[PDB]
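Take a look at this single chain in structure tokens; it is the form deposited in one PDB entry.
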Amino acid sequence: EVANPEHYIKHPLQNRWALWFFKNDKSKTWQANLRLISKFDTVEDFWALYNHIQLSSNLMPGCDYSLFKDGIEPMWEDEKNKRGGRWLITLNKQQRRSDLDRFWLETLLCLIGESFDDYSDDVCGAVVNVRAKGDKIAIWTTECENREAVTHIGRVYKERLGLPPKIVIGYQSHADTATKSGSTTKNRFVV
């Protein structure tokens, strides 16, 4: 003889997530400008957070928002990111108005909804970069050598965002990040 949980319990998410903010400051290290906002693990708590913060579209150029599974820091050095990479979405200046905010929300929902099904374990989180030269959004995965998982995640993500199918996107390995003044990171896969 107990109350029906459907009438009062919050709707749980498979994982607990953490949202981070990056504030641009040249006089300090990258890590020093990165700070945690808060965490949540239910549908209700996700909306409570999203509804009171600024849309990416309104942030000052140079700042970022990052949503990662609790325990995984949004940086290359992390145990779960060092051997991984990211599927990169490169937006033009006009998309700041038309697609940035809509794309970022769909990205958030793809993560907390575990929309990559059988390859959910390879997903680490996502990052949106607000920049004057052109905004960027990316989904980070844990292992660049897991071809099956990486290509499936890329396909689903591209489909969910809904941009024209003829547009190809690439996946970059973090370890491959350019360090030689005169080169640029190449793509491991494309979908």
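Start at 1 with the first residue shown and count on from there. In this text, the rigid core denotes the largest set of C-alpha atoms whose superposition between the two forms falls within 1.5 Å.
Comparing 20-28 with 165-173, which has C-alphas lying farther from the shown form in 7 other deposited structures of this protein once the core is aligned?
After superposing on the rigid core, the more displaced stretch in 7 other deposited structures of this protein is 20-28.
Superpose by the rigid core and compare 122-130 with 30-38; which one moves more, by C-alpha RMS, in 7 other deposited structures of this protein?
The stretch that sits farther from the shown form in 7 other deposited structures of this protein is 30-38.
Give yes or no for this: do at least a third of the other compared entries, each modelling residues before and after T185, lack coordinates for it?
Yes, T185 lacks coordinates in at least a third of the other compared entries.
Out of 75-83 and 117-125, which one has CA B-factors that are higher on average in the deposited record?
Stretch with the greater average CA B-factor: 117-125.
Could you check which stretch, 32-40 or 61-69, carries the larger mean CA temperature factor in the entry?
On average, C-alpha B-factors are higher across 32-40.
Ranked by Cα temperature factor within the chain, is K136 in the lowest third, the middle third or the highest third?
Lowest third of the chain for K136's C-alpha B-factor.
Taking the entry's C-alpha B-factors for this chain, is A175 in the lowest, middle or highest third?
Highest third.
Please rank the C-alpha B-factors of the chain's modelled residues and tell me whether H52 sits in the lowest, middle or highest third.
For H52, the deposited C-alpha B-factor lands in the middle third.
So where's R155 on the chain's Cα temperature factor ranking, which third?
Middle third by C-alpha B-factor.
Within this chain, which third does the Cα B-factor at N146 fall in: lowest, middle or highest?
Its C-alpha B-factor, which the entry lists for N146, ranks in the middle third among residues of this chain.
Unshown form solved in complex with a partner chain; subsequent notes refer to it.
Taking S57, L100 and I137 as a possible spot, do all three reach the partner chain in the entry with it bound with a heavy atom inside 4.5 Å?
No, the candidate spot makes no contact with the partner chain.
Can you tell me if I112 lies within 4.5 angstroms of the partner chain in the entry with it bound, counting non-hydrogen atoms only?
It does: once the partner chain is placed as it appears in the entry with it bound, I112 has a heavy atom within 4.5 Å of it.
Applying a 4.5 Å heavy atom distance criterion, does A132 contact the partner chain in the entry with it bound?
Because no heavy atom of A132 falls inside 4.5 Å of the partner chain in the entry with it bound, the answer is no.
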